[PDB]
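Next up: a single chain in structure tokens, the form deposited without the named molecule.
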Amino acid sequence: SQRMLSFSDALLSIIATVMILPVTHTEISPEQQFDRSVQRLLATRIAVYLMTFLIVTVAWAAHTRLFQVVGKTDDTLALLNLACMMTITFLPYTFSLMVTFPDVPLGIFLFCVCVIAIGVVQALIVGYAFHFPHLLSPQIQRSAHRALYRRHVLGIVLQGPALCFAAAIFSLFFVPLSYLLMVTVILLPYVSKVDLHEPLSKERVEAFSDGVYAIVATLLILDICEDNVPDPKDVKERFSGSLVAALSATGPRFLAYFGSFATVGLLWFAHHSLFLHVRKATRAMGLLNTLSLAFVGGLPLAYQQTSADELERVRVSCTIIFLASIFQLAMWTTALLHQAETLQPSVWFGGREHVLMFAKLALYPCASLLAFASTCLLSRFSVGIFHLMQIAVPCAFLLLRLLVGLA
């Protein structure tokens, strides 16, 4: 069923985003005398977040590819894919167990137990589909007489788990540098030396993108609602017998959320407008989408420091913006492959909304590059001015594009 995939992508997007939580609240204030240690901690949190997001995205891609061939789904497959969701959910904790405890073989053992678990869940799904082949994709067996496709399906869904099991066996009593056998789970699908590897549909990848955009836009208000509300005892504290004082004190956090939700929401708007006119995505499009989502998940942190010299924090925020928006612009740049089967005819080269899409997606990279140029001038606190300009232009952007095209 198509609709179970909606819950699938929502839950897997939340799982992909789980790692940004320790990243957002990371004691950014340098009042403690452990600045080098704090920077090392930020480095490891960003690294683990990126790696976990990539791993969960790979798992989600595998799940949706499996559910393309078995699109028709009964209740039993619903329970089986719920078990698959259990396993994908437990993957990030095992990855974190690796990262925090590298030398201990137990982390490798648990992560590969998780990989074997997801693999055997997929294998059970495929076996149940095979035993009653009425719910497959319409052309796999309802139209094709080749049942040998089952062997390829089993291979693609079990190559990873077997390699992870072998890597765990190696790590038990061999050199722990055998991390590459685990990298094989992404290496082998990446290479195509030997219809399973068809690119992901626009609907599912866009649903994942929408879910991750929603969670990264809302996580900062999650932080606000956690403990940023003034306490009943706090009004007696600080000798401020009023609520205006506490609200003003917590105000910069609210300005941070203002900027964060604004930037993330308009990035989602640009991503959406890009994905309105795509009809058949490519693997490069999926890779650029996952990279862009990984780098846009970090905007909460970037704005969280830039709200609190500070030119370096503004630089970090603008660099995150630049990365997260160039990885969106690479999607639209990936039209030289073929405009016929990737983009709608109305948005083709020399199209009706042609320059509209160019500019509507290139303003954010343009804004970040102008910030990079502005770093030279001392009054480089234009990111707030950039915030206002970049949120005000799309309201009148149609008029600006019409004026540019008139000449």
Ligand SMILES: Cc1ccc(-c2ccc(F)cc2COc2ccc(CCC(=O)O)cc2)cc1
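The first residue of the sequence shown is number 1, and the count goes up from there. Between two forms, the rigid core is the largest collection of C-alphas that superpose within 1.5 Å.
Form solved in complex with the named molecule: not shown, discussed below.
Undergrad: Kindly check, after superposition on the C-alphas around the site, whether the named molecule taken in the deposited complex would be blocked here (3 or more of its atoms within 2.4 Å of a backbone or C-beta atom) or open?
TA: After the site C-alphas are aligned, the pocket of the shown chain is open to the transferred ligand.
Undergrad: In the deposited complex, which of the stretches 285-293, 182-190, 98-106, 119-127 has residues with heavy atoms within 4.5 Å of the named molecule?
TA: So the stretch in question is 119-127.
Undergrad: At the 4.5 Å heavy atom threshold, is residue 315 in contact with the named molecule in the deposited complex?
TA: Flag for residue 315 set to no.
Undergrad: Would you check, heavy atoms only and a 4.5 Å threshold, whether residue 154 touches the named molecule in the deposited complex?
TA: Yes, contact at 4.5 Å.
Undergrad: Residue 277: heavy atom within 4.5 Å of the named molecule in the deposited complex?
TA: Looking in the deposited complex, residue contacts with the named molecule do not include residue 277, since no heavy atom lies within 4.5 Å.
Undergrad: When the contact criterion is heavy atoms within 4.5 Å, does residue 72 count as touching the named molecule in the deposited complex?
TA: Residue 72: no contact with the named molecule in the deposited complex.
Undergrad: Could you spot which one of 158, 110, 326, 246 gets a heavy atom to within 4.5 Å of the named molecule in the deposited complex?
TA: Result of the distance check: 158.
Undergrad: After a rigid core superposition, would you say the CA of residue 383 moves by 2 angstroms or more between the shown form and the other one, or not?
TA: Moves: yes, 2 Å or greater.
Undergrad: Please state whether residue 176 has a C-alpha shift of 2 Å or more between the shown form and the other one, with the rigid core used for the fit.
TA: Indeed, residue 176 is displaced by 2 Å or more.
Undergrad: Comparing between the shown form and the other one on the rigid core, is the C-alpha shift at residue 336 2 Å or larger?
TA: Yes; residue 336 is a residue whose C-alpha shifts (by 2 Å or more) between the shown form and the other one when the cores are overlaid.
Undergrad: Using the form shown as baseline, tell whether residue 367 and residue 393 are closer or farther in Cα-Cα distance in the deposited complex, where the change reaches 3 Å or more.
TA: Closer, not farther.
Undergrad: Can you tell whether residue 210 sits closer to or farther from residue 391 in the deposited complex than it does here, judged by CA atoms, where the change is 3 Å or more?
TA: Distance between the C-alphas of residue 210 and residue 391: longer in the deposited complex, by 3 Å or more.
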